[PDB]
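Just the one chain here, laid out as structure tokens, in the form deposited in one PDB entry.
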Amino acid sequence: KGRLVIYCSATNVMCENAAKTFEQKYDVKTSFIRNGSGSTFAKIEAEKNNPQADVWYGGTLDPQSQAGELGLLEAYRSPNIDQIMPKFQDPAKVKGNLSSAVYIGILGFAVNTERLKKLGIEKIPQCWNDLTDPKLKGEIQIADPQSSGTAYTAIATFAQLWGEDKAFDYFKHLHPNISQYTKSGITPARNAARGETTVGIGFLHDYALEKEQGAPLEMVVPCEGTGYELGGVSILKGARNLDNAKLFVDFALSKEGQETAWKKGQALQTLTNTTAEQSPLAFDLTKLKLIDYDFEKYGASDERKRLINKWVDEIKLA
């Protein structure tokens, strides 16, 4: 018994299902507030002297790793860690399971095929470099590196894929086609689905759900190769309900806690627990051209600040 307060950074449906399922299982009064991973980091940091939640569930790992480095988290290694894909068992900058990995999300883009026809573009873009086509001017959205974890994952991915120089050259040539840098990582999926933009860049599972729900979207794992987020779970330093936060980490890393995300929580990420059944709509990492994402390097405060700063100077303001 007792209570649990969650800062959730997954989609609302996923958060609500996790909270409800956890409360039903353990008889713990559980609540959550949802913000993206970027805006959750900012709030946890701001509240450091009097923390307002017990656990941070979901959202890109980099800001969780950064919070770990900054002393905002409380280490706890669940026994369920042994079931997690080994390379994702303790992937953050500061080791000791201040953060753990609960899912994988593939970076890519999706194309609204109905709107594409209106643009007079015959071929569905298949490569990152296809997004620099002037015919796509004002027809692409991605989240804002200044605010969004998804957008940071994108920058870090490009830097690792092509080297930093080429990554920023790409951003420079993508930039003229971006109609809006969104505050939320998921807004480009919403907008692409509804035909308000033609191409959304973000994590493919979000576009996959919109597609299965009827949106005219073609998902693209870009031809050059791509990267991914890990979704994180982390207990906050100063958690008022520490035992329940640990139980929740166990749940988050468990076979049934992960399976429920797609079975009931309408969230189609790939699961990190090797004993869990995957959604038939989840991406299979073994089939994809993926970098080896260095969370130790990119999940650090200096590097995150540096790259975001460089983006503002070189892409937004240059």
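Each residue number is its position in the shown sequence, starting from 1.
FYI, the form deposited in another entry isn't displayed, but the following is about it.
### Query
Is residue 264 in the same rigid part as residue 116 between the shown form and the other one?
No, the two C-alpha atoms fit different parts' superpositions better.
### Task
Would you mind telling me if residue 88 and residue 286 are closer or farther apart in the other entry than in the shown form, C-alpha to C-alpha, with a 3 Å or larger change?
Relative to this form, closer in the other entry.
### Relative Cα spacing, residue 112 and residue 60, in the other entry - shift of 3 Å or more
More distant in the other entry, by 3 Å or more.
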